[PDB]
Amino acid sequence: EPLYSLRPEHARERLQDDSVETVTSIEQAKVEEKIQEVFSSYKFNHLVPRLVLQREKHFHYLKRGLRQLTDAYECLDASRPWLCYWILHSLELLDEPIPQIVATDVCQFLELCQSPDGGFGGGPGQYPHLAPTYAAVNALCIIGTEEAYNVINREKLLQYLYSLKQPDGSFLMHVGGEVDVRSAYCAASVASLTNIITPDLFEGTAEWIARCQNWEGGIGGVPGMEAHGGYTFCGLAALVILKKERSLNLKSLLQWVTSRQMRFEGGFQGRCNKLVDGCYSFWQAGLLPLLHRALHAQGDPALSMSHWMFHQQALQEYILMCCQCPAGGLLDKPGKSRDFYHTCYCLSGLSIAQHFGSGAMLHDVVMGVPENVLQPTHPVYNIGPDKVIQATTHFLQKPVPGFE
């Protein structure tokens, strides 16, 4: 009875298709049948459920990937700073230390990815792009040594961000590339951490992000687009950095994200009427601490003093029972293959689901064995809160760069 997903009443949360079958209801029922087999597995084998996070299996998978990968990862040859970030962040969540020699090796590799004109590319000699730039800066802040902070050419990073800024407030992902809400988040994230925000760098940016909020309450990649969890995370986190959260309708956004949690599975979907997916445990659940902070800043007296506005217990049960690969690493849903992307965001979402904090109030919910407790993650940057303070404190001792 302690596990919410296993109670008899939980059977009533299965899909009601109203006797009208479409591709959406058929695929949703297929997933719910597979998820119910996972929930009922303890009853069928006659064992007490024991939700254990397979730390040592995840750790072996991560420390190996940090050094070397098979030709199966050739599709990630232009995302190698992302592999640095996903792996180092999962290791920090699992409280696994980075040896000084390994930390130095990552600093030197990210130096090879850095462009002479600012920003980082997906690998040595590749043109700079805001996505691997965001990942490389977050990876260097997780290391947090003087060597790591010194890798970043702050003068050229600022010049690079200006070369992507558009008159309407948006940013290109790269030169001769395209605009979307992720680029504003990538720029605001790296510029705030490294202390390179000039008075006009983000002029119009908050107003452009606000145009991406649609009729559903969530945010799309560009104006007109369907609300999507990943882009909504990027949109709200960028506005929290710029202190312009009130540019959005926060109540229609709160109602939209809370609706993305699946009543049966416990996990989150990325868009309305789509399937559950482990990575949205971070993109969607990560929005509730950001919304709690935004509403708290307005003096909202109805906020909880112990929990986020999502079912923390049910999200942890979905991740622990349906997203762990037995050989290590985490995944989208049962039947899917493991990868470092889902290992990063399943564990980040699990950490948000365990740790609540607002003002002088702290309250943890650790489902399963007590050893399942992860290290906290900052809801804006998705790196440890300690690493955010250490990086911001380091770079605030340097002036904001001038123009050449």
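For clarity, a rigid core is taken as the largest C-alpha set superposing within 1.5 Å between two forms. Note that residue numbering begins at 1 and tracks the sequence as displayed.
Comparing 61-69 with 37-45 in 8 other deposited structures of this protein, after superposition on the rigid core, the stretch with the greater RMS C-alpha deviation is 37-45. Legend: mean Cα B-factor per stretch from the PDB entry, 325-333 versus 268-276; the higher mean is in 325-333.
Relative to its counterpart among 37-45 and 373-381, 37-45 has the higher mean temperature factor, C-alpha atoms as listed in the PDB entry. Across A72, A78, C212, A238, the greatest Cα temperature factor reported in the deposited entry is at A72. In this PDB entry, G118 carries a Cα temperature factor that places it within the middle third of its chain's modelled residues. The PDB entry assigns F340 a C-alpha temperature factor belonging to the middle third of its chain's modelled residues. When all modelled residues of the chain are sorted by CA temperature factor, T104 is found within the highest third. When the modelled residues of the chain are ordered by C-alpha B-factor, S358 sits in the highest third.
The entry lists a Cα temperature factor for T194 that places it in the lowest third of the chain's modelled residues.
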